[PDB]
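Engineer: This is the structure, below, for whatever I ask next.
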Amino acid sequence: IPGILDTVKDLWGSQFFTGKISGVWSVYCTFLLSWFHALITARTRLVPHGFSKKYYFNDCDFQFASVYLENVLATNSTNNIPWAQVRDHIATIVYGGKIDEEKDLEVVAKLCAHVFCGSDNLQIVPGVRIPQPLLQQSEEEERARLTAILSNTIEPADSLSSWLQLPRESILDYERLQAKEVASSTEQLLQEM
Amino acid sequence: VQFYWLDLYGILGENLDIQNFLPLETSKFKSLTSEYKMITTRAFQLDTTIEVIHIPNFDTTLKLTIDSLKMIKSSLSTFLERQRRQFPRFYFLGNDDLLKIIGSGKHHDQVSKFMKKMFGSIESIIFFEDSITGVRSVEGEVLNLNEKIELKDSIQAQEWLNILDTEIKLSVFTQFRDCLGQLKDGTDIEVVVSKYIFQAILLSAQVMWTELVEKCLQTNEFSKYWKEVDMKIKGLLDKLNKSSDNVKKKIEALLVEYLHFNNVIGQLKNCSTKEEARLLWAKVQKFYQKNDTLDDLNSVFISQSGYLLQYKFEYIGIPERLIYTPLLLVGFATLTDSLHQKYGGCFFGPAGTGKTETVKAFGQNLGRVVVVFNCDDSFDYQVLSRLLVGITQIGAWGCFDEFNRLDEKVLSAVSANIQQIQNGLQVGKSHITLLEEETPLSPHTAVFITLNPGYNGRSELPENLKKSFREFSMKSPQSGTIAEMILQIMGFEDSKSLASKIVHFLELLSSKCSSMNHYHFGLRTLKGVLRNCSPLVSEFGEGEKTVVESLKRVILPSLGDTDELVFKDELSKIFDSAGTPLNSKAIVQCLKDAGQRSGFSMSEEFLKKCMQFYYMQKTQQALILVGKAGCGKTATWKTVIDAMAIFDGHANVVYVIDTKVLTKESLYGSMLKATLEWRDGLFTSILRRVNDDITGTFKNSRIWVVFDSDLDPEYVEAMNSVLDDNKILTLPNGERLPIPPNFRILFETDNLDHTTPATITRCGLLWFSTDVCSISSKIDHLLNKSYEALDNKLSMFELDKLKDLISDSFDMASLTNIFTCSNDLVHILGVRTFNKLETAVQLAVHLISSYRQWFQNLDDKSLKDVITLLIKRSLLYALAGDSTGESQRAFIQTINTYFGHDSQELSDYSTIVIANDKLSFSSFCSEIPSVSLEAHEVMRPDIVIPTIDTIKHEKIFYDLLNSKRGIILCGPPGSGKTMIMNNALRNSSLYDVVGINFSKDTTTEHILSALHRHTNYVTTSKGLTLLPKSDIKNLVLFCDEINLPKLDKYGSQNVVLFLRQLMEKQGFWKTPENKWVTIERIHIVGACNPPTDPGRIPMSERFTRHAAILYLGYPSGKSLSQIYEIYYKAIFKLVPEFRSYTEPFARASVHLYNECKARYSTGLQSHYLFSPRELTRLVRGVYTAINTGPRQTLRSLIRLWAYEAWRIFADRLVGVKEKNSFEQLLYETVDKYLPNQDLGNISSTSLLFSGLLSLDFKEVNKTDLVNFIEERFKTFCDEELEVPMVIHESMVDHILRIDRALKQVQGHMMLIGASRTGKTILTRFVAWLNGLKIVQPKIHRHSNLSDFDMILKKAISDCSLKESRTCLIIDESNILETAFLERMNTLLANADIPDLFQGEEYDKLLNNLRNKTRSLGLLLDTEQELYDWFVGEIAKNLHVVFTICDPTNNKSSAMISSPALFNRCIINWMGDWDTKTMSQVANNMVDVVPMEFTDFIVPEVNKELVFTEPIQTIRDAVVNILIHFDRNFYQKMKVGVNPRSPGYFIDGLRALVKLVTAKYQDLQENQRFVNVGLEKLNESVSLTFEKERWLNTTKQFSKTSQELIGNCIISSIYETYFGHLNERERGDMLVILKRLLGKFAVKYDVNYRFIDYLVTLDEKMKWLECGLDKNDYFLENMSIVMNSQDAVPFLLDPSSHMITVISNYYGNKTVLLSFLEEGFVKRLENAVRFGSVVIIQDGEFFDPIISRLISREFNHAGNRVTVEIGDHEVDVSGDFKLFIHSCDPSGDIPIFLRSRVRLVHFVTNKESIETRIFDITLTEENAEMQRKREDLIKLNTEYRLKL
């Protein structure tokens, strides 16, 4: 477990070559995809409440999306492509392979509602500090042109869970459970100190 | 070589002549021929291999032809491989298929026999006179081929088919182009589809609409296109008609797709729908097409979302039409995504709700053939790899149905290759190393793994593969939309409303229904309902009522009344005005008339169920009925046979087959290898005969096959190709026999719950209840059965008169209540009305059979009077005999329900009174043989006194015998089992009774071979009737332990199965001769014991459905007097003046028994079983005792009697204190009856009688008797037995007892006791004594029971032909197995192993026994009598005795149950040694040596001395010391104080004895030496220090010598039991011994470090220098047992401590030399011959290095060392003492050597740790202290030696 940003910016490094695509709005969306990816993995860190199941989210599917996105990116820079529907299926198709519960579906749906657009120069999550016009700029070579610049908007006590759109109370619920867990662990140990 | 020639017999011959083969190969076939001409023409005579290698000039014939042969044989496989490489579809065909193809390459028509292996969706090639006009798809539509494809010989099967490949696709391409040329102009699809393949037409239909909708997608239109679609649809709907089944289907496809367009348009029309970008149409599957391509395959495009694919155009016809749903379509979309990434699939979800139906639909939609593989089975993946060579070369698709359900090799093999498939796939590698071969890749192939709800949802696929696959979470099909769409397609005008109701008839159904486990309501369930509804619509079903009509017709018959109105309401709520009327009149007329004929009541539910069945015989090709044979299940079947014969006017030709009675081969066939031939089995001969002469003559006779059995995969999967639905025999041998439509299969059972519903549901199914058979119906049948009577002698005239007379008794009989009361009786197996009625009537009519001559010749009043009395009696017997007599007493109280003799109070009940043939009758008064057995025949088995009850058993038995019924008794061996049986048997030789032995491993074949030996057959007509080898005599076969054979995998009573096909089915369908067998006068009777008991079979009730039963228990005290007193009566015939013992003698034994049995429960100890035959054992022993003396005084009477009595009873028992109580029970019983004689000496002593002296009633003082053997055994123990234990009074007791046994006939006995503790030796001794050959087995784990069979045959010939005297001894450690035991079990059972000696053994017996009869002056060529004497001879010399210890897995009965052995075997629990006799031994031991040194007085001090012998001397001391030593060491069960060997302390004493001189001389020599020091010194007189010190040393040991012996007894603990015994039992003397040997007066030193005290530490030091781990006391001590231990110190070395030690011990010494012979273990001997140090190597476990028979040979072997020395064990001295250096803690050690072994420990533990810790820290600072004090120890010993 690293931070979300860590996941995002390091992912951009692992996906270095993606933004070589002439689609400068594609690399814009590439940035978005990594923001998305990190956030959903942060939610899977919270299974079974931040996400009901340990689903194998990965960078191959990151790349499958770049293909699927590429399938619509032929005209998605313009209003020809209703990317709201694209959002729907990058999720259900690229990331929905073996997703089983409709709750997780909606969970992801909220995240993509908070992450993607086909147009460049837009505000996505101002909580991350994203109202950016970064365009003909690489996810790695030009990360710091505007995205590494974005500061640490993470609460020490919260992911923010509001970035994940999850409640502090569920964190607190787990915390009580954690007490039950670590205490009951010592229950056996404790038999002889 | 000739088997290559056998291959080539066919093949060379073939291709020799067929010059068409490659001239290279052809000339090679001829080069074969240059020599082969001899290989076959010379071998025309000399054909086989051995003959071929003997042909004239085989020297060059083989050589050169075999040269060419092997060139060819391999060339040929590569020749056809060449063909396979040239034509990839040949990789779907075997090499041999290609041999056929190339021989017939010319004959392309012959080549086409493998056409399916060579292609996709093609039914047949449409061709004529050597040229193809077109092809027909599997769907029925025909593709015209535009070019005529010549089949000219020279075109080769290869190119021939390649031509068609292109021709087919071309006429597809271009005729499609023609077709779309029209359709694109709006041409009516009917036109071009009439002229062409709809699939391609669909492509255009899709294109038409895909393009047409674009203008509604421009928003310009909406309804235009929407309407236009439904306008086109409307026309198409009108077209859709049965008139062309095939085109109808084409239309159906079209309309589904038009509907999809309609729907999309419906929303494009009814939605804002962001034009073509709204998923509404954007996500939709679209088609476009063009003719502008350089490759015709690219003419049509498939697209959805941002995906585009090209249709592959592989010829498929119209293969699917899966109703698509939004969900399925999404699924397809995802499938194409994986195609983009070249990943394989991961379908998640079950077939039938999708999975398989969807991956197929998908592939078809793409246009390429896919090979769907059924992966969950035992398939040779190499075959797949071969297929894959072709597949990859082709570019074919492949699906893996349940892929992950593989074994490891297949899984991993394909993991490696699939890895490369996917690797090379991703790479695009044209040549992928498939099985390491660079296989050409046509980049179109694909991997589709599918899986039903995975095991726990797991990604079962190994990661190795998973990386290249994509997930497909299928959740659910859309049932109702699927249904609705279909209903629309069905032309069912209510469609939607039907569907909306359909889903809720089901929803509600599944909701409130019961757990009908056999029922499921899934998608395919729904599909089935429709399939049925379809014809119901054609049969005028009234709309929604059709749906319900179907529902009435399906499922509900398989469901029970657990739902009844639950499903009525669950369904009715959805549609209440439901169902149409059934009017099956001609049908029911046939049915109902059939019922009336058969005599069934034609009950409502009978006829109803039967009518439901009728609908199923119409609609199903097979039906399963779950229910009861003889009650509806078969009554219905019967009725149906008749009804359909009538109804159809087509005889119902049924072939009922009892499934498991016959093998699959029996039914289907097999083959011969000598001349090469297929053998036709029954079922298949039937079916071919159906085509040859059943329907081959009776064109439409109804034909049926019935399978009677329960359900399990193994016996049902084999029937699928006919049974499921196909009704076509399609055998693996190519024998295809379309089975006529009038053919049906019925499967009858009682329970299907053994497999999955996936299979269960594929059939008609009746949830049959047995109440279809009303008792009134049953009665109606019984009345009708009177006219079926009986014997040929009975005209039934008088019977019909009696029927009328007894018909009145059926009018509301009290039996309507008595049957309830009979069911209220206590019984073991189930009781039901049909068998109650059966036995009542069968006996009654055979009682009546005597009325044909006893009372037919008398008047009707006589018929009336006695049949009334006698049938009441038989009714009472029918409902009584089978259970406990007390319950029968209660049962006969039901007499008070009968208004005539209404009295339960009858004294002489009708069952007390017996009827006579003269119309007389009387109370059956006791006629129990008063004056009877007097002498001589006293022990002759058949003298068992018959008693009134057994006579009544015989009265009825007689009529049951007349009834030809197999009564089965329920009771035990020993309770009259055999006695009564024989008494019954001997009453009528007319009935040839055969004692069949039911062992756990007895098979039907054993029975059959007996029949072969004793039966023959006749044919009054061609029927095949079994006749005993002689006529007239009735072959009453007999079954003994029916409930003690084994059951199969599913618990099936397979011996009962055959018992039943013999019984129940009255015969056997000759599967050798293909003919039903009937029987003449062969009968059969059985028996068993209570099923409730351990190891007994819960008997099939269908089996018992036709059985008669009699309960058998133990006799009463009075009756024991009545029977056994007679036996004792006989005995007193020889002593008139003492004959008076008469009654009280018998009665003492009667009552003693009563209590003895009560006294000793099995709760106390299992085998504590009792029987009245023990009284016979008293009879036996006593009579023979009488025969030796001159007068039997009463003292002498009872002494023999009483001493015998405990030998019969007490010797079989374990508990010694309990035995004491029995002594009193015995004592007191005789005290009751004959107390005036000397009961004190008789019962208090265990005194023996003259044996070594003639018996003559003489008591011999056991002392004296011992005195006799003190001399006798010195000679019989001719320096051979090698064991020196002391003959206690018990040992001589053993001796008397075993010998008497050795002097009796049928010497059958069990000895239970401790391992080689004299119980063995004992027998060895008496062999010397008596002089018999002794059987003793020597088994090593490479043997088997056939070696045993040799031995058995050997032994029986040894006794009778060799004519030797012997005794067979059984060694429990050599018990190989059960079947092994089973031979010997029957051996004893009937004194025979039936047909062991048959065949050539029998014939050798005929020859050699006749040779003996010539030498014997006998005229016994009569083979019967001849072998009768053969076996008589054996019985007098074999005498099987078994010896057993209880430390293992032998069934807790100390034998594997066998009730038969229980009532035959003599038993004696030997057990263990007495503590007082062990002190006797010890006494004798210490008496040998000077234990009594005067220095010692009474030496131990620290505690225990309670109740010891007045301790005065040292032998007094030492012995009593050692008594408390080992009595307390040990106690408390750690290892187990309740059972243990004494040897541990016995040899402890031996060592101590050795030490009485060893340590004594240490001392005495030291005394000499101090004297030596004193000599000069005494007059040296300068100093006194030294002098006095010497005097002081004498002072020291003058006391210390004694102090030391106290300490020395504790030193022995280390050897005694310490080394195995653990804390609970170790600790009972561990330090407690130091604390307790005591009181005897000399000091215990609280210090007991015997590691120092016993041995000089320097030997251990050197072992420490050799790496000895000094750690644990006993650990480091093992270096000493290495250097001193006799019982082999098994070097257990998982730790491998001794490898280190022995290797350093070895040092500069070599491995082994002195005695130097391999013996039988050269494996070790040759591994050690080098000169010096070794043990048995290192880690060298026994099972590898040494065989099991070394045990004895290790101990000693005359085969290795000679008597000129006297030694027997080999000279393998200390340095090279071959100790088993084994790392195996569980090494093979039998329960005798577990005692005779020194197991040695070599591992560290937690107890050391703490000190290790200390030591480290302690010495880390304070080692200096140790350095100093240890140096001082060194110096001290310097000075000791200086002293």
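Heads up: the sequence lines are chains A and B, in that order.
To convert, take the position in the first sequence, counting from 1, and add 3899; that gives the UniProt record's numbering.
With the UniProt record's numbering as the guide, the letters of the second sequence map in order to residues 1448 to 3028, 3298 to 3559.
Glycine included, each C-beta is placed from N, C-alpha and C at the ideal position.
For a cutoff of 8 Å on Cβ pairs, would you count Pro-3981 of chain A as touching chain B?
Structural biologist: yes
Engineer: Would you list, in chain order, the members of the stretch 1719-1750 of chain B that have their beta-carbon closer than 9 Å to a beta-carbon of chain A?
Structural biologist: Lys-1721, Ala-1724, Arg-1725, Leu-1726, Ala-1729, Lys-1730
Engineer: Which bits of chain A does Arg-2543 of chain B rub up against, with CB to CB less than 7 Å?
Structural biologist: Ordered by position in chain A, no residue passes the 7 Å Cβ test against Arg-2543 of chain B, which lies about 47 Å from the chain.
Engineer: Against chain A, with Cβ distances strictly below 8 Å, would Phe-1795 of chain B count as a contact?
Structural biologist: yes
Engineer: Let me make sure I understand the geometry here. Which of B:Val-3404, B:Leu-2622, B:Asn-3521, B:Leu-3408 has the alpha-carbon closest to that of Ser-3467 of chain B?
Structural biologist: Of the listed residues, the one whose Cα sits closest to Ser-3467 of chain B is B:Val-3404.
Engineer: To the nearest angstrom, how far is the alpha carbon of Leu-2072 of chain B from that of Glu-2051 of chain B?
Structural biologist: 18 Å
Engineer: With a threshold of 8 Å between beta carbons, is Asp-3999 of chain A in contact with chain B?
Structural biologist: yes
Engineer: Would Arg-1905 of chain B count as contacting chain A if we go by Cβ distances under 8 Å?
Structural biologist: no
Engineer: Which residue's Cα is closest to the Cα of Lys-3425 of chain B: B:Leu-3432, B:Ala-2092, B:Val-3444?
Structural biologist: Ranking the options by Cα distance to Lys-3425 of chain B, first place goes to B:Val-3444.
Engineer: Return the CA-CA distance between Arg-1531 of chain B and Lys-1616 of chain B, expressed in angstroms with no decimal places.
Structural biologist: 22 Å
Engineer: Can you tell me where the beta strand (DSSP E) with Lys-1595 of chain B in it begins and where it stops?
Structural biologist: Residues 1589-1597.
Engineer: Checking contacts by CB at 8 Å: is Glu-1918 of chain B closer than that to chain A?
Structural biologist: yes
Engineer: Using the Cα positions of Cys-2912 of chain B and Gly-2421 of chain B, report the straight-line distance between them to the nearest angstrom.
Structural biologist: Approximately 11 Å between the Cα atoms of the pair.
Engineer: My guess is that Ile-3452 of chain B and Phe-3495 of chain B are in contact by the Cβ rule of under 8 Å, so how many angstroms apart are they, rounded?
Structural biologist: Right, the Cβ-Cβ distance comes to about 6 Å (below 8 Å), so this counts as a contact.
Engineer: Kindly indicate if chain A contains any beta-carbon less than 8 Å away from that of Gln-1788 of chain B.
Structural biologist: Answer yes: the Cβ-Cβ gap between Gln-1788 of chain B and chain A drops below 8 Å somewhere.
Engineer: Can you tell me whether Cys-2486 of chain B is helix, strand or coil according to DSSP?
Structural biologist: strand
Engineer: So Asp-2495 of chain B is in the beta strand (DSSP E); what residue range does that whole segment cover?
Structural biologist: Note, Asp-2495 of chain B: premise wrong, no beta strand (DSSP E); not H, not E.
Engineer: So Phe-1539 of chain B packs on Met-1565 of chain B, CB below 8 Å; how close in whole Å?
Structural biologist: 7 Å
Engineer: Hey, which unbroken runs of the alpha helix (DSSP H) at 4 residues or more fall wholly within the stretch 1518-1570 of chain B?
Structural biologist: 1542-1550, 1555-1558
Engineer: Checking the sheet assignment: what are the DSSP bridge partners for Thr-1886 of chain B?
Structural biologist: B:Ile-1879
Engineer: Using the DSSP secondary-structure output, state which residues sit across from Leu-2695 of chain B in a beta bridge.
Structural biologist: B:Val-2707
Engineer: At what residues does the beta strand (DSSP E) containing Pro-2475 of chain B begin and finish?
Structural biologist: 2472-2475
Engineer: The ligand NAP and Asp-2839 of chain B: does the residue's C-beta get closer than 7 Å to at least one heavy atom of that ligand?
Structural biologist: As for the ligand NAP, it is missing from this structure, which has no ligand bound.
Engineer: Thinking C-beta only, is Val-3971 of chain A closer than 8 Å to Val-3985 of chain A?
Structural biologist: yes
Engineer: Please list, in chain order, all residues of the same chain as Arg-2594 of chain B whose beta carbon is under 7 Å from its beta carbon, the five residues on each side excluded.
Structural biologist: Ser-2568, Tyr-2680
Engineer: Pick out the complete alpha helix (DSSP H) segments inside the stretch 2521-2550 of chain B, 4 residues or longer, and give them in chain order.
Structural biologist: none
Engineer: With a cut-off of 8 Å on the beta carbons, I'd call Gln-2927 of chain B and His-2735 of chain B a contact; round off their distance for me.
Structural biologist: For a cut-off of 8 Å, the C-beta gap from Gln-2927 of chain B to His-2735 of chain B is around 6 Å, short enough to register as a contact.
Engineer: Quick one: give me the first and last residue of the alpha helix (DSSP H) that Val-2288 of chain B is part of.
Structural biologist: 2280-2297
Engineer: Name the chain A residues that come within less than 7 Å of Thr-1781 of chain B, Cβ to Cβ?
Structural biologist: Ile-3992
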